[PDB]
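Chains as they are written, first to last, in the working numbering: chain A, 1 to 217; chain B, 218 to 432. We put the beta carbon where it would ideally sit given N, CA and C, even for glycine.
Below, the structure is given as structure tokens:
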């Protein structure tokens with residue numbers, strides 16, 4: 001059993017998210033199929049489920065905006081989320097739910113736990129366009145760093161002294177600002193006596209925009 | 218249609234290898250039959266079905282995992298913790314419309330370490346750019362729980378600061394935090410004194426780092 005996932009992963013607010021999950025290997029019917037999402041650094045949230053007959057069930061938090069459809073001709077099922085906001089940025093997984101069980105007196109789905117899972121599609125909702133980062137020095141055991149602000153999209157690679165200085169380096173995760181762009185900080189702790197003799201340069205490379213900052217006391 | 222809220226305890230379980238871990242899942246209303254599951258998620262990976270039917274392990278799951286409980290109280294037990302087991306664990310109920318718990322992190326335990334607090338004012342180039350960012354850095358601390366408060370001329374600021382935290386390091390098993398306070402150039406040049414106050418378990422008294430505009 002294999003799950004393939006696709007769909008646009010970079011959208012603007014007040015737009016429609018459309019994702020597709022295709023299953024290979026076993027019988028697409030006799031199984032519930034669910035969409036789940038996970039915001040970056042947060043917990044799992046069940047979005048919805050569908051079966052082969054087209055009957056759906058949704059999370060009450062997303063009932064107004066979510067629509068889950070099915071296509072048994074292609075063994076696929078689709079997710080649609082209208083009126084997007086920054087709160088909808090998340091990794092979206094599809095998963096196989098429970099098995100349909102038939103008895104002459106009762107029929108229903110049992111063991112509605114999720115396995116296997118799709119690879120997961122990251123979706124980012126923001127009105128920002130591709131912009132290069134601005135690198136500002138955070139001047140000074142002494143701590144010193146570089147602030148990488150106003151860039152889009154992820155990621156950005158940060159090194160120190162062309163990769164020489166690696167111990168004591170802390171590169172935090174990027175934060176999505178309200179403006180739609182990202183901000184980041186890279187810091188490093190050094191001996192106080194090296195501040196006068198040794199030079200410190202943060203090498204910041206953002207390949208989406210194809211864009212070395214010296215930090216001075 | 219039946220809505221069931223699952224709360225996991227504790228939020229963070231700090232244990233050492235070789236010990237046993239006990240995670241609890243409380244349901245606001247009874248979970249029917251044995252319709253509960255546990256999932257394991259490692260950093261930057263897809264969730265993994267760990268257990269279903271309260272106590273039935275999935276294929277390829279070691280004997281060190283055990284499930285128990287019923288009604289509103291459920292438990293996941295890890296007999297001997299391995300370096301692999303340190304991750305996030307979620308409980309999920311499927312007695313009604315499926316719902317997830319908020320998750321419990323099993324992490325490496327170490328000695329309490331106090332953070333080193335530093336403050337960075339905005340660079341003059343950034344001031345000319347039209348925005349100001351003040352950075353408050355908390356370096357090497359344990360446990361993760363720490364409180365950062367911004368004060369601009371003794372005024373408590375809210376809604377204009379953003380935090381970021383690194384994952385527990387592989388060597389010293391510590392955390393690092395950064396709090397960025399973002400202002401406009403006018404709002405920044407209006408006031409003068411900027412401070413961040415850090416409260417932590419390792420600090421006997423809240424440590425405040427401040428600077429005056431133009432220093």
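On the DSSP letters alone, give me the boundaries of the beta strand (DSSP E) that residue i sits inside.
i                     : result
residue 345 (chain B) : Premise fails: residue 345 (chain B) lies in the alpha helix (DSSP H), 341-346, not in any beta strand (DSSP E).
residue 301 (chain B) : Neither: residue 301 (chain B) is in no beta strand (DSSP E) and is coded neither H nor E.
residue 50 (chain A)  : 45-50
residue 367 (chain B) : 363-369
residue 238 (chain B) : 238-248
residue 32 (chain A)  : 31-38
residue 267 (chain B) : 265-269
residue 99 (chain A)  : 90-103
What separation, rounded to the nearest whole angstrom, lies between the Cα atoms of residue i and residue j?
i                     : j                     : result
residue 72 (chain A)  : residue 282 (chain B) : 37 Å
residue 252 (chain B) : residue 46 (chain A)  : 16 Å
residue 94 (chain A)  : residue 248 (chain B) : 24 Å
residue 317 (chain B) : residue 243 (chain B) : 11 Å
residue 69 (chain A)  : residue 77 (chain A)  : 6 Å
residue 310 (chain B) : residue 254 (chain B) : 6 Å
residue 332 (chain B) : residue 229 (chain B) : 19 Å
residue 137 (chain A) : residue 21 (chain A)  : 45 Å
residue 218 (chain B) : residue 359 (chain B) : 42 Å
residue 149 (chain A) : residue 183 (chain A) : 4 Å
residue 27 (chain A)  : residue 97 (chain A)  : 13 Å
residue 15 (chain A)  : residue 143 (chain A) : 43 Å
residue 99 (chain A)  : residue 250 (chain B) : 17 Å
residue 265 (chain B) : residue 215 (chain A) : 43 Å
residue 139 (chain A) : residue 412 (chain B) : 17 Å
residue 375 (chain B) : residue 400 (chain B) : 12 Å
residue 187 (chain A) : residue 335 (chain B) : 11 Å
residue 38 (chain A)  : residue 257 (chain B) : 14 Å
residue 260 (chain B) : residue 156 (chain A) : 19 Å
Examine chain A for any beta-carbon lying closer than 7 Å to the beta-carbon of residue i, and answer yes or no.
i                     : result
residue 317 (chain B) : yes
residue 347 (chain B) : no
residue 321 (chain B) : no
residue 254 (chain B) : yes
residue 335 (chain B) : yes
residue 379 (chain B) : yes
residue 383 (chain B) : yes
residue 340 (chain B) : yes
residue 405 (chain B) : no
residue 359 (chain B) : no
residue 311 (chain B) : yes
Run through chain A and tell me which residues come within less than 7 Å of residue i, C-beta to C-beta.
i                     : result
residue 352 (chain B) : 138, 147, 185
residue 266 (chain B) : 113, 114, 115
residue 224 (chain B) : Residues of chain A passing the Cβ test: none, with the nearest at roughly 12 Å.
For chain B, check one thing: does any of its Cβ atoms lie closer than 7 Å to the Cβ of residue i?
i                     : result
residue 173 (chain A) : yes
residue 44 (chain A)  : yes
residue 51 (chain A)  : no
residue 206 (chain A) : no
I'd like the span of the alpha helix (DSSP H) that includes residue i, first residue to last.
i                     : result
residue 403 (chain B) : 402-407
Of all the options the options, which has the alpha carbon lying nearest to the alpha carbon of residue i?
i                     : options                 : result
residue 6 (chain A)   : A:50, A:81, A:33, A:120 : A:120
residue 363 (chain B) : B:400, B:261, B:415     : B:415
residue 172 (chain A) : B:428, B:393, B:389     : B:393
residue 338 (chain B) : B:220, B:237, B:429     : B:429
residue 279 (chain B) : B:271, B:299, B:357     : B:299
residue 49 (chain A)  : A:60, A:207, A:33, A:83 : A:33
residue 17 (chain A)  : A:82, A:122, A:54       : A:82
residue 365 (chain B) : B:372, B:354, B:371     : B:354
If the cut is a Cβ gap below 8 Å, which residues of chain A does residue i touch?
i                     : result
residue 263 (chain B) : 93, 117, 118, 119, 120
residue 429 (chain B) : Near residue 429 (chain B) there are no residues of chain A at all, since even the closest Cβ is about 16 Å away, more than 8 Å.
Starting from residue i, find everything on chain B with Cβ-Cβ shorter than 7 Å and list it in chain order.
i                     : result
residue 217 (chain A) : Result: empty, since nearest Cβ-Cβ is about 12 Å, beyond 7 Å.
residue 203 (chain A) : Under the 7 Å cutoff, chain B gives no residues; its nearest Cβ is about 18 Å from residue 203 (chain A).
Cβ closer than 9 Å: which chain A residues qualify as neighbours of residue i?
i                     : result
residue 393 (chain B) : 170, 172, 187
residue 418 (chain B) : Those within 9 Å of residue 418 (chain B) in chain A number zero; the least Cβ separation is about 20 Å.
residue 220 (chain B) : 60
Find the residues of chain B that neighbour residue i, judging by a C-beta separation of less than 9 Å, and give them in chain order.
i                     : result
residue 143 (chain A) : 333, 335, 337, 354, 356
Kindly list, in the order they appear in chain B, the residues whose Cβ is closer than 8 Å to that of residue i.
i                     : result
residue 134 (chain A) : 343, 346
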